[PDB]
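Beneath this line is the structure, given in structure tokens, with notes to follow.
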Amino acid sequence: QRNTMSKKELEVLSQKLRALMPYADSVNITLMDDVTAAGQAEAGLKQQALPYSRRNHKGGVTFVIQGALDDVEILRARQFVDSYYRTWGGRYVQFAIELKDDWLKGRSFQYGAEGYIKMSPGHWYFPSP
Amino acid sequence: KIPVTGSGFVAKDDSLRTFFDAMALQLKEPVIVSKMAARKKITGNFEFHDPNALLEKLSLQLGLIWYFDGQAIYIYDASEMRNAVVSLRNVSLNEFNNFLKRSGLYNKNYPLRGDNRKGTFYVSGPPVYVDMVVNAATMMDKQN
Amino acid sequence: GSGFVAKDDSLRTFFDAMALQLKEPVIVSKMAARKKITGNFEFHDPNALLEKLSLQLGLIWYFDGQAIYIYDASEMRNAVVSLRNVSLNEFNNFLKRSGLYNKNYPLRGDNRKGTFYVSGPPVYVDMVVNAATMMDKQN
Amino acid sequence: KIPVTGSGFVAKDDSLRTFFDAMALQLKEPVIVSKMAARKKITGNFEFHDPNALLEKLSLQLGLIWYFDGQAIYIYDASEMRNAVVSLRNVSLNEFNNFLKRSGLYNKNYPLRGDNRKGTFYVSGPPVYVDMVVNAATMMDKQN
Amino acid sequence: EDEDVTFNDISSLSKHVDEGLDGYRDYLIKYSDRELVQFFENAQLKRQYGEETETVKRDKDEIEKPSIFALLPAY
């Protein structure tokens, strides 16, 4: 869904790629759906129960994995990322794993619409979402 | 930064003043918690969707008395309830109860105990309720 | 547009930064000046921002026409005062004609009597009591 | 040896007493700043070409109140604003506002709140304005 | 020496001597020890009510002020 080459223009691409690999006999070109490439990456990311955020735009998607992840979640994230990169490659969908530290460990906070974090009995923190 | 899906208040060792001020938005009035009733603590995941019904239940499980006088909500602990007995020389109890019902300070949980046509009765409740009832009772006989 | 990036201010330098969009000076007491605040605040509707932050932090405020007084919630006092020879409906029309009528803390009492019950900030209670005992002495 | 040929005052960490006397020639009156409003500091490049709007903007950004009585410009901080309620026995408010209009001591920023022809009203402002209006309204009743 | 010391209510008049005494009291706060002040409230409360009163920690310091008679020993 991103290129509009004709039949002859695909055959001249195969004949100009066969000249680049002298060991090969013929290069076979198959066209795949662009929707199932970003659908299998989310269906596998929901099965491992990882927190994520998807940012769709034109010409590629991106997944952001934030939060204070524990030890087994960064083992399942590498076991899934290095097995997805072997199959599809990193030209369309890219993962961005960044881990931070939790502010709300011993604090009391109100979540929902108007969220705030009471950092102390005399201290309020109003974040901007 | 604060990932939870729903809406609610999470208290970790809150000390009953920071807890009721968080309820002071769902209740549309400011809350005044006393000095002896601020030494108790509470922790857990709470949610407010009808806080006038939630405050009555938590005032019995923790042990508290509360009063709403139209502008604010006063909260005391149970060991601060005080009592009084007063005599009216020239007005009735049914006349004073019409003043309380018509003005809006009449509280059906702490009613006035006395004879229907006399001068004496018995009032008991929160410390901001008693010193108002006594002060208006001794300010109507001197007026009449 | 505008706003204020607060980093560990002390509620006396904050409401002064709001005191340009609000067109009056603000007098915050020193019992409500020990609480602190931080965060990126944007002032595009200040009279509703002050109403929301007074309920989320627990505060009482009052605007008499020249300034905005701010107290903490544990300073609200109340009184009951008796008018010997002036009705409540006439004194409440004196407050309506002056400009000191605050609909958040009205006067609880019978409509044609001498006794009522008032409660609120200390600058509003000590004004209503003094202007009621200075209207019984004139009559 | 002095820099660029415009007009302005360069303030390198002054203390609000040495700053307003530099404005005290564009204002053609001396400026008296109180002790609580002399602890704040200012730093920057300023330019006075109409000072009555500059003082109005800085009095709101820093937090200040001021009063020009015709011969000087008093400056207080916002924590020094006092108020009083005074009842007039033998003279009205409109016959006192004509004294303030004819004397030029009337200030539209802090007017008098009260019923238009009565005896009781309400004042608020700087202590030199309140101590003038209280004593000038009490000393007229002892005349009448 | 203010001419309006005398108020009209019994709790506001007791409030006035507290806010008069606050300039001395925070001076005691600045120059006294943290835990030595903190020891006397726990020692006075179990005398006051009994052992069942739960102990107060350091975290009071942001909002709550101690009494004037529990400061100057530890000061």
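A note on labels: chains of the structure tokens are A, B, ... as shown, every chain counts residues from 1, and ligands are counted from 1 in their shown order.
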
Counting only C-alpha atoms, collect the residues of chain C whose closest atom lies at most 7 Å from chain D, and write them out as a PyMOL selection string.
chain C and resi 16-17+19-20+25+27+66+94+97-99+127+130-131+134

I'd like the neighbourhood of residue B:66 as a ChimeraX atom specification, where a residue qualifies if any of its atoms comes within 8 Å (using only C-alpha atoms), though same-chain residues fewer than 6 positions away should be ignored.
/B:59,73-76,126

Between chain A and chain E, at 10 Å or less, what are the per-residue closest atom pairs and their distances in Å? Count only C-alpha atoms, order by chain and rising residue number, and return it as JSON lines.
{"residue": "A:120", "atom": "CA", "partner": "E:62", "partner_atom": "CA", "distance": 7.8}
{"residue": "A:121", "atom": "CA", "partner": "E:62", "partner_atom": "CA", "distance": 6.5}
{"residue": "A:122", "atom": "CA", "partner": "E:62", "partner_atom": "CA", "distance": 5.6}
{"residue": "A:123", "atom": "CA", "partner": "E:62", "partner_atom": "CA", "distance": 8.5}

Deliver the residues from the most recent selection as a file, using C-alpha atoms, as a PDB file, in the first residue's frame.
ATOM      1  CA  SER A 120       4.451  15.484  51.830  1.00  0.00           C
ATOM      2  CA  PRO A 121       1.793  16.511  54.350  1.00  0.00           C
ATOM      3  CA  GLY A 122       2.546  20.087  53.278  1.00  0.00           C
ATOM      4  CA  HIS A 123       3.456  19.656  49.604  1.00  0.00           C
TER       5      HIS A 123
END

Helix (DSSP H, G or I) residues, from DSSP on the backbone, in stretch 9-137 of chain C, as a PyMOL selection string
chain C and resi 46-57+73-75+88-98+122-136

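Atom CA of residue C:133 to atom CA of residue E:8 spans 11.2 Å [interatomic distance, one decimal].
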
Could you give me, as a tab-separated table, every chain B residue with an atom at most 8 Å from chain A, plus its closest atom pair and distance in Å to one decimal, counting only C-alpha atoms, rows ordered by chain then number?
residue	atom	partner	partner_atom	distance
B:2	CA	A:111	CA	6.9
B:4	CA	A:111	CA	6.8
B:5	CA	A:112	CA	7.2
B:6	CA	A:112	CA	5.8
B:7	CA	A:112	CA	4.2
B:8	CA	A:111	CA	5.8
B:9	CA	A:110	CA	4.6
B:10	CA	A:108	CA	5.7
B:11	CA	A:108	CA	4.9
B:12	CA	A:108	CA	5.5
B:14	CA	A:108	CA	7.6
B:18	CA	A:121	CA	7.0
B:22	CA	A:110	CA	7.9

Store the residues picked out above, limited to N, CA and C atoms, as a PDB file, in the first residue's frame.
ATOM      1  N   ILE B   2       1.242   8.918  36.506  1.00  0.00           N
ATOM      2  CA  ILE B   2       0.376   8.319  37.520  1.00  0.00           C
ATOM      3  C   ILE B   2      -0.520   7.282  36.848  1.00  0.00           C
ATOM      4  N   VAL B   4      -3.056   4.744  36.708  1.00  0.00           N
ATOM      5  CA  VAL B   4      -4.207   3.935  37.111  1.00  0.00           C
ATOM      6  C   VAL B   4      -5.332   4.341  36.162  1.00  0.00           C
ATOM      7  N   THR B   5      -6.177   3.384  35.770  1.00  0.00           N
ATOM      8  CA  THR B   5      -7.199   3.676  34.767  1.00  0.00           C
ATOM      9  C   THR B   5      -8.381   4.473  35.330  1.00  0.00           C
ATOM     10  N   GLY B   6      -8.895   4.093  36.502  1.00  0.00           N
ATOM     11  CA  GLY B   6     -10.128   4.660  37.024  1.00  0.00           C
ATOM     12  C   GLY B   6      -9.970   5.978  37.752  1.00  0.00           C
ATOM     13  N   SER B   7     -10.840   6.198  38.743  1.00  0.00           N
ATOM     14  CA  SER B   7     -10.810   7.398  39.569  1.00  0.00           C
ATOM     15  C   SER B   7     -10.944   6.986  41.028  1.00  0.00           C
ATOM     16  N   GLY B   8     -10.110   7.570  41.877  1.00  0.00           N
ATOM     17  CA  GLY B   8     -10.139   7.248  43.289  1.00  0.00           C
ATOM     18  C   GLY B   8      -8.940   7.840  43.988  1.00  0.00           C
ATOM     19  N   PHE B   9      -8.973   7.750  45.311  1.00  0.00           N
ATOM     20  CA  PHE B   9      -7.923   8.264  46.177  1.00  0.00           C
ATOM     21  C   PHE B   9      -7.190   7.097  46.821  1.00  0.00           C
ATOM     22  N   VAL B  10      -5.866   7.095  46.752  1.00  0.00           N
ATOM     23  CA  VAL B  10      -5.063   6.070  47.409  1.00  0.00           C
ATOM     24  C   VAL B  10      -4.325   6.717  48.569  1.00  0.00           C
ATOM     25  N   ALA B  11      -4.575   6.234  49.785  1.00  0.00           N
ATOM     26  CA  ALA B  11      -3.964   6.796  50.984  1.00  0.00           C
ATOM     27  C   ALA B  11      -2.957   5.811  51.558  1.00  0.00           C
ATOM     28  N   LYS B  12      -1.714   6.252  51.706  1.00  0.00           N
ATOM     29  CA  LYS B  12      -0.669   5.490  52.383  1.00  0.00           C
ATOM     30  C   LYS B  12      -0.293   6.218  53.667  1.00  0.00           C
ATOM     31  N   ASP B  14      -2.098   8.124  55.661  1.00  0.00           N
ATOM     32  CA  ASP B  14      -2.623   9.472  55.797  1.00  0.00           C
ATOM     33  C   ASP B  14      -3.204   9.699  57.179  1.00  0.00           C
ATOM     34  N   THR B  18      -5.341  15.281  55.655  1.00  0.00           N
ATOM     35  CA  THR B  18      -5.081  15.152  54.239  1.00  0.00           C
ATOM     36  C   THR B  18      -6.032  14.171  53.595  1.00  0.00           C
ATOM     37  N   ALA B  22      -9.035  15.673  50.707  1.00  0.00           N
ATOM     38  CA  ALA B  22      -9.207  15.107  49.382  1.00  0.00           C
ATOM     39  C   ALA B  22     -10.672  14.817  49.099  1.00  0.00           C
TER      40      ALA B  22
END

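The coordinates place atom CA of residue A:38 at 11.9 Å from atom CA of residue A:59.
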
Which residues in stretch 32-103 of chain A does DSSP call strand (DSSP E)? List them as JSON, numbers by chain.
{"A": [53, 54, 55, 56, 57, 60, 61, 62, 63, 64, 65, 93, 94, 95, 96, 97]}

May I have the residues from that selection written out with N, CA, C and O atoms, as a CSV table (one decimal), in the first residue's frame?
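Listed below is the output, out33.csv:
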chain,number,residue,atom,x,y,z
A,53,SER,N,2.4,2.1,24.6
A,53,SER,CA,1.7,3.2,24.0
A,53,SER,C,2.0,3.2,22.5
A,53,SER,O,3.2,3.2,22.1
A,54,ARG,N,1.0,3.3,21.6
A,54,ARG,CA,1.2,3.2,20.2
A,54,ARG,C,1.0,4.6,19.6
A,54,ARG,O,0.0,5.3,19.9
A,55,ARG,N,1.9,5.0,18.7
A,55,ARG,CA,1.8,6.3,18.1
A,55,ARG,C,1.8,6.1,16.6
A,55,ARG,O,2.8,6.0,15.9
A,56,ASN,N,0.6,6.0,16.0
A,56,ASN,CA,0.4,5.8,14.6
A,56,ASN,C,0.7,7.1,13.8
A,56,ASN,O,0.3,8.2,14.2
A,57,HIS,N,1.5,7.0,12.8
A,57,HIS,CA,1.6,8.1,11.8
A,57,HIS,C,1.9,7.5,10.4
A,57,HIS,O,2.0,6.3,10.3
A,60,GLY,N,5.2,4.6,8.9
A,60,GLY,CA,5.8,3.8,9.9
A,60,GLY,C,5.1,4.0,11.2
A,60,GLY,O,4.5,5.1,11.4
A,61,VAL,N,5.1,3.1,12.1
A,61,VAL,CA,4.6,3.2,13.4
A,61,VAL,C,5.7,3.1,14.5
A,61,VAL,O,6.8,2.7,14.2
A,62,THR,N,5.3,3.4,15.7
A,62,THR,CA,6.2,3.3,16.8
A,62,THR,C,5.5,3.0,18.1
A,62,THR,O,4.4,3.4,18.4
A,63,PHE,N,6.2,2.2,18.9
A,63,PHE,CA,5.7,1.7,20.2
A,63,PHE,C,6.6,2.2,21.3
A,63,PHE,O,7.8,2.0,21.2
A,64,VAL,N,6.1,2.8,22.3
A,64,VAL,CA,6.8,3.3,23.5
A,64,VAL,C,6.5,2.5,24.7
A,64,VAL,O,5.3,2.3,25.0
A,65,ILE,N,7.5,1.9,25.3
A,65,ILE,CA,7.3,1.1,26.5
A,65,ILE,C,8.0,1.8,27.6
A,65,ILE,O,9.2,1.9,27.8
A,93,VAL,N,8.1,-0.6,11.9
A,93,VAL,CA,7.7,-0.5,13.3
A,93,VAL,C,8.9,-0.6,14.1
A,93,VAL,O,9.8,-1.4,13.9
A,94,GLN,N,9.0,0.4,15.1
A,94,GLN,CA,10.2,0.5,16.0
A,94,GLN,C,9.7,0.6,17.4
A,94,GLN,O,8.8,1.4,17.7
A,95,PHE,N,10.4,-0.1,18.3
A,95,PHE,CA,10.1,-0.1,19.7
A,95,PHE,C,11.1,0.8,20.4
A,95,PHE,O,12.3,0.9,20.0
A,96,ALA,N,10.6,1.4,21.4
A,96,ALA,CA,11.4,2.4,22.2
A,96,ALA,C,11.2,2.1,23.7
A,96,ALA,O,10.2,2.5,24.3
A,97,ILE,N,12.1,1.2,24.2
A,97,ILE,CA,12.0,0.8,25.6
A,97,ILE,C,12.8,1.8,26.5
A,97,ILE,O,14.0,1.8,26.4

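Near chain A, counting only C-alpha atoms at 12 Å, the chain C residues are residues 5, 6, 7, 8, 9, 10, 11, 31, 32, 33, 34, 35, 36, 37, 38, 39, 40, 41, 42, 52, 53, 56, 57 and 58 of chain C.
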
Selection: 10 Å around stretch 15-31 of chain E, only C-alpha atoms, excl. self and same-chain fewer than 3 positions, as a VMD selection string:
(chain C and resid 30 to 31 75) or (chain E and resid 5 to 7 9 to 12 34 37 61 65 to 68 71 to 72 74 to 75)

With only C-alpha atoms as the counted atoms, please give the residues lying no more than 9 Å from residue B:41, apart from itself and same-chain residues fewer than 2 positions off, as a list in words.
residues 13, 14, 15, 16, 38, 39 and 43 of chain B

If I take atom CA of residue D:138 and atom CA of residue C:132, how far is one from the other in Å, to one decimal?
18.7 Å

May I ask you to extract the residues of chain E within 9 Å of chain B, using only C-alpha atoms, and to give them as a PyMOL selection string?
chain E and resi 53-54+56
